[PDB]
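The data below hold one chain only, encoded as structure tokens and taken in the form deposited in one PDB entry.
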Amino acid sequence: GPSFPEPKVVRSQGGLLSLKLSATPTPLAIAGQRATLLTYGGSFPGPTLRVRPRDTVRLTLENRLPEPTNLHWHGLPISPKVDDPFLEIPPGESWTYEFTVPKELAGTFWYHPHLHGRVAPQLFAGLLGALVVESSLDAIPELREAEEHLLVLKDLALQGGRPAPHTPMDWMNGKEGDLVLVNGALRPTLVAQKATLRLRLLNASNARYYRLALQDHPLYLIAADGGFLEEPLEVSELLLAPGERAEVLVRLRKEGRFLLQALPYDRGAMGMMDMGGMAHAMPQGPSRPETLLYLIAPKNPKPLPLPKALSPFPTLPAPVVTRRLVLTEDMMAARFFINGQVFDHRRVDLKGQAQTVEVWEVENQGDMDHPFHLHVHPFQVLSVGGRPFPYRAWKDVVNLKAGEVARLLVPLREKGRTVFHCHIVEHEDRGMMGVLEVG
């Protein structure tokens, strides 16, 4: 097949994407070995769904797992009666998700389980896939003529031909694997045919971070989690926390081989040490560097000019309330809290008003990085750690290092009951989640 593996794409037809997926244990070949993973549609990653604004999506999920499951349409501003974080599909049963893609929407989104207490093992085992919303902006020459690829960044560990089980330390840290894969492949080669690449990036890992850097090249950020930036932003590296997405343009500068790497990054994961009676927690330190793929540039590359503008960011109404959400940890108990509480599906934690704007101040008072995710209502990051954000774009995950405060502008869209949580999904399963009701 093609040198660069990417998930199979399913496109809407005549305004309708109608599809049956099964969640199923699936034998397959992965990184040169045979393993049984949990997949959607028989593949790892699951199929990429590619739609346009105002399309109808009709997705029937059949549960062929031994435990209940559901779907979270991560990043999609739709109703929480569709993107329902409390729904359980029992083993053997099916459920049809039907929604209309919002008119003002573009970017890379994804789907994965969200059944509280079971997310981390199900996602680690392989249950995830991407959803791409095409834009009329994709027709401007500087994007249309680029070579486009999706990169699903997800790691894995195998034991006895199956995903490795979670240990107690995994529930504390979030589980990372030794197989650091791109689209389920081990260090694939991308032989570029054009000098400009448009790369859609998705961190679908449980807990691993990707401090992205391409050898000898900057990256040009053109989209965040849930939409385009207003104009391209040149960066020397790009950190992608669990659940985040980004789109970048790569402008290949000369012939040759360039490594795309995940550079060392210390997210605050912990180990245990005994040095003379004391048996106490100790920082794991930064991750070891990983090569994600080999990028081969074509002959005499002459990249396209960058687009001068992308999409103007909406002017938001003035906000009507400020919220403060504080994250804390009990590492040795593997318990995680928001404003001193663990998740309770019966307890509403915040009550807001549809079509108003709120300011959310999220403060990480723990020692680990925590990537904070809000369902249903995309937000604008104003600042993190007291530093103003260098662009305007819709996001739905924001990473917080130890001590940092994020100030978010949160327009409330669809009415109903939804959730916010850490997207180190082990921390969500262990309690770091709360309930927002919009009325």
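We call the rigid core whatever largest set of C-alpha positions still superposes within 1.5 Å between the two forms. Residues that one form lacks are left out of the comparison. Note that residue numbering begins at 1 and tracks the sequence as displayed.
Asks: For the stretches 92 to 100 and 303 to 311, which has the higher mean C-alpha B-factor as given in the deposited record?
Replies: Taking the mean C-alpha B-factor of 92 to 100 and of 303 to 311, the larger value falls to 303 to 311.
Asks: Between 71 to 79 and 138 to 146, which has the larger average Cα B-factor in the PDB entry?
Replies: Looking at the record's C-alpha B-factors, the answer is 138 to 146.
Asks: Per the coordinate record, which of the options 369, 170, 155, 231 holds the highest CA temperature factor?
Replies: Answer, based on the entry's C-alpha B-factors: 231.
Asks: Of the options 226, 126, 177, 286, which has the highest CA B factor as deposited?
Replies: Of the options given, 286 has the highest CA B-factor in the PDB entry.
Asks: Please say which third, lowest, middle or highest, residue 399 falls into when its CA temperature factor is compared across its chain.
Replies: For residue 399, the deposited C-alpha B-factor lands in the lowest third.
Asks: Of the three thirds of its chain by CA temperature factor, lowest, middle or highest, which one includes residue 28?
Replies: Highest third, going by the recorded CA B-factors of the chain.
Asks: Quick one: classify residue 1 as lowest, middle or highest third of the chain based on its Cα B-factor.
Replies: Its C-alpha B-factor belongs to the highest third of this chain's values.
Asks: Taking the C-alpha B-factors as the PDB entry records them, is residue 112 in the lowest, middle or highest third of its chain?
Replies: Its C-alpha B-factor, which the entry lists for residue 112, ranks in the lowest third among residues of this chain.
Asks: Among all modelled residues of this chain, ranked by Cα B factor, put residue 159 in the bottom, middle or top third, i.e. lowest, middle or highest.
Replies: Highest third of the chain for residue 159's C-alpha B-factor.
As for the form deposited in another entry, it is not shown, yet the points below apply to it.
Asks: After aligning the rigid core, which of 333, 278, 139, 318 is the one whose Cα travels 2 Å or more between this form and the one not shown?
Replies: The answer here is 278.
Asks: Note whether the distance between the C-alpha atoms of residue 283 and residue 277 decreases (closer) or increases (farther) in the other form, against the displayed form; the change is 3 Å or more.
Replies: Closer, not farther.
Asks: In the other form, the Cα separation between residue 269 and residue 277 changes by 3 Å or more relative to the shown form; did it shrink or grow?
Replies: Those two alpha carbons end up closer in the other form.
Asks: Run through the residues found in both forms and list the stretches of 3 or more in a row whose CA moves by 2 Å or more between this form and the one not shown, fitted on the rigid core.
Replies: Residues 1 to 3, 274 to 281 form the runs that move by 2 Å or more between this form and the one not shown.
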